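1. when you get a sec, could you give me coordinates for this:
(chains A and B, ligands or ions: 2)
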Amino acid sequence: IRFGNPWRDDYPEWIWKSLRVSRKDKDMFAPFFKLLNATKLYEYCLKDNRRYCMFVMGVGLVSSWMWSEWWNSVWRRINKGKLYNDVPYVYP
Amino acid sequence: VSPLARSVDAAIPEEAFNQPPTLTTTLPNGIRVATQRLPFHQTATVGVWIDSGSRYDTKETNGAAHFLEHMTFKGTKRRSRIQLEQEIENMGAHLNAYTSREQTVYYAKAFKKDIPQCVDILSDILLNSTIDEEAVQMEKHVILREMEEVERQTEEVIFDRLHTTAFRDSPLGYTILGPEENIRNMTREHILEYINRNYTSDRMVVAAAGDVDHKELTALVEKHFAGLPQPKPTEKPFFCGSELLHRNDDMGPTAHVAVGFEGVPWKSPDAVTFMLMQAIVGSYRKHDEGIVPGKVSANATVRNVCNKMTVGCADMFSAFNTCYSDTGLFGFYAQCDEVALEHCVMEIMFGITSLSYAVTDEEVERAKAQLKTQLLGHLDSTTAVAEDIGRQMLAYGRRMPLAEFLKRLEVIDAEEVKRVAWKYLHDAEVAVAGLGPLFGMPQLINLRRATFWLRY
Ligand SMILES: CCCCCCCCCCCCCCCCCC(=O)OC[C@H](COP(=O)([O-])OCC(O)COP(=O)([O-])OC[C@@H](COC(=O)CCCCCCCCCCCCCCCCC)OC(=O)CCCCCCCCCCCCCCCCC)OC(=O)CCCCCCCCCCCCCCCCC
Ligand SMILES: [Zn+2]
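-> Numbering: from 1, shown residues only, chains lettered A, B, ... in the order given. Ligands and ions are numbered 1, 2, ... in the order given. Provided below are the atomic coordinates:
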């Protein structure tokens, strides 16, 4: 037993080998970065800090509300027939 | 109405247009000849400009280009070394040479009557030098001593290391001298391989200036360079953003630094604007100052540096712009005290970042004035003119006359500078090199986040 043992501890050979592997001059997500760079979001909205702030504020404004309404819909979808609106009271 | 509005207005003087022509002609084998005659001179300059340098070594023989510069003076098939030296001296002339990353130059000065001989000599040593192995094995002593001395001139080592850290992936990275082991391992076959791969007729131009006639020069070139051989894609060098710092506390109190940005090629439309931006940032020396105190100077960068902590934070700083065939460098070099280094550097980075936000036309016109003074002030002697002819012939395929340069410089205003800077320098990558007491030194990420302002 080499693990946790001050008399013997050392890495297994397969861990010593995992450190020899190489991915130099390779990249597998380049298409995504090329797409994003093609949208020219940086040139128009993020390269100037005043516009950076405008972007932050407006995207906040809209995203928050969309997220809210989506969670509302989920809350109604999971709880169907349990909430107050779904089961009207009928008078005697 | 008022006389104060009647002043004479001449942006460009008439002399800018009344200049003698530059005459050009291409010989059948592809060699190009250029000339300009200047009536107010008695002598002339003539030489050869070659479109090759250390960028065209191969990584195995890096340093061969520079070795050939020495070999060409060792002897030829027609004349021995003693004969060659005495035939340099007995003319009472000058002969110079040098090489660089992309260009190599040879030239001489003489009275008109000795231009033929000069051409002859030049051709000889370029075409017919005997690269003897038992002389190659001796020039190694001199080249090693040359390298030994070069390591003591700090500005040059700083710029070399800036090129090393900026162009890791390209032969622009190579130093002109080459490594030590390559100086020891150099061999005749390497030198001859460099020659037979780079010395082709399309790459050479012959230029003169002074009391010269285009016809006779063209005939002489036709006579002597008939033996030069004729010729038989590449991609843009990548620019890396990195630092290369040599910390050393046993060489006194002074720290040296250089910072660089990616530039533009010779032929780029914005080249001129770059030439102007270099002047807008300018330079300063604490020792020698002219007649304007730094604390009141019209240059805002100098002014801000000289007023720091009331004592001022730099020994020297100077900006620079260098253009190559397909890329450039743009930046500055500085010297300052151990404890001043941080301000010493960030003031000038603030300088350069101002060009994209807040520069105004007072500054632009001051810089135009100084730039014009400098450039138009150099071109006085025959050597300067011949060098300019050849340099422009290689860089552009032509020579640009003074009027054109002035007309293109005139129409640049502040908004144009503020456009180009925003195009190339705002939020860019930078490369850094330094030497000495660098405990103060800023982080790479500091210098890189400096390139934009969060204000605005
Ligand atoms: C409980 C209360 C708690 C309060 C906590 C508050 C914390 C805020 C900290 C402020 C930021 C740090 C300031 C340090 C500056 C250093 C000096 C300097 O040289 O700076 C140069 C720098 C200028 O850059 P430069 O010189 O051109 O070059 C920059 C370099 O190139 C490159 O830059 P660099 O790499 O050198 O880095 C510079 C760095 C320097 O900093 C650092 O290096 C260290 C990091 C800084 C601290 C980070 C942690 C702070 C946490 C932020 C969140 C706090 C929320 C608190 C809310 C309380 C809730 C109960 O500065 C920044 O980047 C700071 C950015 C963040 C500040 C801007 C926030 C304002 C947004 C307002 C939006 C509108 C909201 C309205 C609604 C009301 C909201 C309450 O100055 C700045 O930009 C700094 C910020 C300036 C302040 C702007 C105005 C602020 C007022 C906001 C509105 C107030 C709303 C109140 C209304 C309430 C309605 C009910
Ligand atoms: Zn040398």
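2. OK, now which residue of chain A is nearest to chain B?
-> Distances from chain A to chain B, computed as CB to the nearest CB, single out residue A:49 as the nearest residue at 5.3 Å. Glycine gets a C-beta too; all of them are placed from N, C-alpha and C.
3. might you report the residue contacts of that residue?
-> B:452, B:453, B:454, B:455, B:456 (CB atoms under 8 Å, 6 or more residues apart in numbering or on different chains).
4. now the buried members of those.
-> residue B:452 (16 or more other CB atoms under 10 Å in any protein chain shown).
5. can you redo the contacts of residue A:49 as a markdown table with secondary structure and distance to ligand 1?
-> A markdown table is the format used below for these (DSSP: H, G, I helix; E, B strand; the rest coil; distance: CB to the nearest ligand atom, whole Å):
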| residue | secondary structure | distance to ligand 1 |
| --- | --- | --- |
| B:452 | coil | 6 |
| B:453 | coil | 3 |
| B:454 | coil | 3 |
| B:455 | coil | 4 |
| B:456 | coil | 7 |
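6. touching ligand 1 at all, the lengthiest helix in chain A?
-> With residue count as the measure and DSSP state H as the assignment, chain A has helix A:49-78 as its longest helix. No. Shown here: helix A:49-78 not in contact with ligand 1 (CB under 6 Å from any ligand atom), separated by at least 7.4 Å.
7. for that helix, buried residues please.
-> Across helix A:49-78, burial judged by 16+ other CB under 10 Å covers no residue at all.
8. before we move on, what about stretch B:204-221?
-> Neighbour counts using 16+ other CB under 10 Å place B:204-212, B:214, B:217-218, B:220-221 of stretch B:204-221 among the buried residues.
9. chain A: which of these is nearest?
-> Nearest to chain A, judged by CB to the nearest CB, of the buried residues of stretch B:204-221 is residue B:204 at 37.6 Å.
10. now do the contacts for residue B:51.
-> B:102, B:103, B:203, B:204, B:394.
11. let's see that with 6 Å instead.
-> B:203, B:394 (CB atoms under 6 Å, 6 or more residues apart in numbering or on different chains).
12. so it versus residue B:200, what's the distance?
-> With distances defined as CB to CB, to the nearest Å, the gap from residue B:51 to residue B:200 amounts to 9 Å.
13. cool, residue A:27 as well?
-> 39 Å.
14. quick one, which of these two is more surrounded?
-> Comparing residue A:27 with residue B:200 by other CB atoms under 10 Å in any protein chain shown, the one with more neighbours is residue B:200, at 18 against 8.
15. not counting sequence-adjacent ones, nearest residue to that one?
-> Counting by CB to CB, 6 or more residues apart in numbering or on different chains, the nearest residue to residue B:200 once its immediate chain neighbours are dropped is residue B:231, at 4.5 Å.
16. so the one you found: helix, strand or coil?
-> Following DSSP: H, G, I helix; E, B strand; the rest coil, residue B:231 is assigned to coil.
17. now it: how far from residue B:171?
-> Between residue B:231 and residue B:171 the computed distance is 20 Å (CB to CB).
18. how about residue A:68?
-> 59 Å.
19. next: residue B:48.
-> From residue B:48 over to residue B:171 (counting by CB to CB), the distance is 23 Å.
20. show me which of those two is the more surrounded one.
-> For residue B:48 and residue B:171, the more surrounded residue by other CB under 10 Å is residue B:48, and the numbers stand at 23 against 17.
21. hmm, back to that, and which of the buried residues of stretch B:204-221 is nearest to residue B:290?
-> Ranking the buried residues of stretch B:204-221 by separation from residue B:290, with CB to CB as the measure, puts residue B:209 on top at 31.1 Å.
22. secondary structure element holding the closest one?
-> Here residue B:209 sits within strand B:204-210, counting by DSSP states H and E.
23. downstream of that strand, the next helix or strand is which one?
-> Once the chain leaves strand B:204-210, the next helix or strand it forms, by DSSP H and E, is helix B:214-224.
24. in which helix or strand does residue B:434 reside?
-> Secondary-structure element containing residue B:434, defined by DSSP H and E: strand B:431-436.
25. just checking, what packs against that strand?
-> Using 3 or more CB pairs under 6 Å, 6 or more residues apart in numbering or on different chains; DSSP states H and E as the contact test, the elements touching strand B:431-436 are helix B:154-166, strand B:243-247, strand B:254-262.
26. the first one to strand B:431-436, inter-axis angle?
-> Comparing the axes of helix B:154-166 and strand B:431-436 via axes from the mean of the first three to the mean of the last three CA atoms, to 10 degrees yields an angle of 140 degrees.
27. ok, of the contacts of residue A:49, which one's closest to chain A?
-> Proximity of the contacts of residue A:49 to chain A, judged by CB to the nearest CB, is greatest for residue B:454, which lies at 5.3 Å.
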